[PDB]
Amino acid sequence: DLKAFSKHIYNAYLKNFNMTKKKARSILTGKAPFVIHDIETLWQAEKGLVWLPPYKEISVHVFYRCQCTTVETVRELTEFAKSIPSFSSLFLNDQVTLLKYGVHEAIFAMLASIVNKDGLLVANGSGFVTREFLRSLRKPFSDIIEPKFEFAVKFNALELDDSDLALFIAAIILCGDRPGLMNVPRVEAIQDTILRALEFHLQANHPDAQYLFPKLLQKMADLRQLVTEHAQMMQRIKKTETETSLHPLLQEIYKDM
Ligand SMILES: CC(C)(Oc1ccc(CCNC(=O)c2ccc(Cl)cc2)cc1)C(=O)O
Ligand SMILES: CCCCCCCCO[C@@H]1O[C@H](CO)[C@@H](O)[C@H](O)[C@H]1O
């Protein structure tokens, strides 16, 4: 039962995310992606080696590739969530509310899967963008990406696997305290089932792990703070970078944060 619940969640995760952490870990270790570390390699990646609104400048261009990637992850997360029968039993507007406030927490948790201390995979693992290059970007674009790295490196210490991640992200999305939910008790009851499924699953999958479940609850709290700070950087970019186009779906997500 609690196993059939988790296994259903794990299959919805494999069914919907192109890049698993297993796939990613193969590539980052070497079982190779074109490395983008400066303007020249970026241009080469675009010419066809690895790959939008009208061009503006390099730092805005990278930001657009960020937007394109996160919009795609939002689409996958939505399909993943609709593939959870309990999620799909909420009223559609509550489903949207959960996604609105949950996807970025889930995106920054999943980002850890494709990152190491030196950069991150792009374009389905065919490119690799260095943390160095990202840091070099014009402000404020260089400050938005670096904190995700700090979180991702500590997060990867936990050494979760894809079966853990599927339950963790389900728990991030099925969150009872999002503003404007209609049926708080029903969502709270679903979240509780996922959390018990998670503790159960971690018991068997990480038998020697001390304090992993509470450590993961703290990561959920950490992700909430990451996304609050991220949304503050986005609102500032909206005010001061008026030439930078902002994808409409992402504008709706950030409207009231
Ligand atoms: C997209 C946007 C506006 O801001 C964000 C900025 C950065 C990241 C981290 C993920 N970045 C990437 O996946 C990424 C994609 C392509 C390139 Cl060339 C570099 C980095 C996530 C989100 C968002 O908040 O949705
Ligand atoms: C502003 C609110 C208008 C949107 C109304 C859509 C509500 C219907 O939403 C439906 O509810 C069902 C459970 O009742 C779910 O199983 C379905 O997935 C969902 O589509």
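Computed over heavy atoms, backbone and side chain alike; hydrogens, waters and symmetry mates excluded. For reference, positions follow the sequence shown, starting with 1. Just follow the structure's listing: the first ligand is 1, and inside any ligand the first atom is 1.
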Distance only, no hydrogens: is a donor on one side chain within 3.5 Å (strictly under) of an acceptor on the other, for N18 and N124? yes

What protein heavy atom sits nearest atom 15 (C) of ligand 1, and how far off is it? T69 OG1, 3.5 Å

Minimal heavy-atom distance between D256 and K100, with the atoms involved, is O-NZ, 3.7 Å

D38 and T41: side chain donor to acceptor below 3.5 Å: yes

Numbered in order shown, the ligand 1 atoms found under 4.0 Å of a heavy atom of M234 are 3 (C)

Are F213 and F200 close enough that their ring centres sit under 6.0 Å apart? no

Name the option, out of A152, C66, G127, that contains the heavy atom nearest to atom 14 (C) of ligand 1. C66

closest protein heavy atom to atom 12 (C) of ligand 1 is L120 CD1, 3.9 Å

What about the rings of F80 and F17, do their centers lie closer together than 6.0 Å? yes

Starting from atom 1 (C) of ligand 1, what is the nearest protein heavy atom, named by residue and atom, and what distance separates them? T70 OG1, 3.0 Å

Below 4.0 angstrom from a heavy atom of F108, which ligand 1 atoms are there? Numbered from 1 as shown, please. 21 (C)

Sort out for me which residue in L165, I172, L77, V115 forms a side-chain contact (heavy atoms from CB on, under 4.5 Å) with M110. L77

With a 4.0 Å cut-off on heavy atoms, does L250 reach ligand 1? yes

Test your reading of the model: is there a side-chain donor-acceptor pair from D164 to the backbone of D161, 3.5 Å cut-off? yes

Can you tell me which residue and heavy atom of the protein come closest to atom 25 (O) of ligand 1, and the distance to 0.1 Å? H104 NE2, 2.8 Å

The protein heavy atom nearest to atom 5 (C) of ligand 1 is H230 CE1, 3.7 Å

Point-to-point distance, once rounded to the nearest 0.5 Å, from NE2 of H61 to OG1 of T244: 13.0 Å

Quick check on contacts: which atoms of ligand 1 are under 4.0 angstrom from a heavy atom of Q67? 1 (C), 3 (C)

Given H201 and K3, is the side chain to side chain donor-acceptor pair (under 3.5 Å) satisfied, shown in steps? CA-CA 8 Å; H201 177 93; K3 308 156 210 50; over 6 Å; no

Name the option, out of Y64, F63, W51, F133, that contains the heavy atom nearest to atom 18 (Cl) of ligand 1. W51

Centroid-centroid distance, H230 to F108, less than 6.0 Å: yes

Under the criterion salt bridge (charged side-chain N to carboxylate O under 4.0 Å, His left out), I'd like the reasoning laid out for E199 against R196: C-alpha separation, chi angles, the key distance, then a yes or no. CA-CA 5 Å; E199 183 178 59; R196 298 178 192 245; over 6 Å; no

When rounded to the nearest 0.5 angstrom, what is the spacing between CZ in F149 and CG in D118? 8.5 Å

Output the list of atoms in ligand 1 that are nearer than 4.0 Å to some heavy atom of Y254, sorted by atom number. 23 (C), 24 (O), 25 (O)

Note every protein N or O atom lying under 3.5 Å from an N or O atom of ligand 2, pairing the names and giving the distance.
| unit_1 | atom_1 | unit_2 | atom_2 | d |
| --- | --- | --- | --- | --- |
| ligand 2 | 9 (O) | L92 | N | 2.9 |
| ligand 2 | 16 (O) | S88 | O | 2.6 |
| ligand 2 | 18 (O) | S88 | O | 2.7 |
| ligand 2 | 18 (O) | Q95 | NE2 | 3.0 |

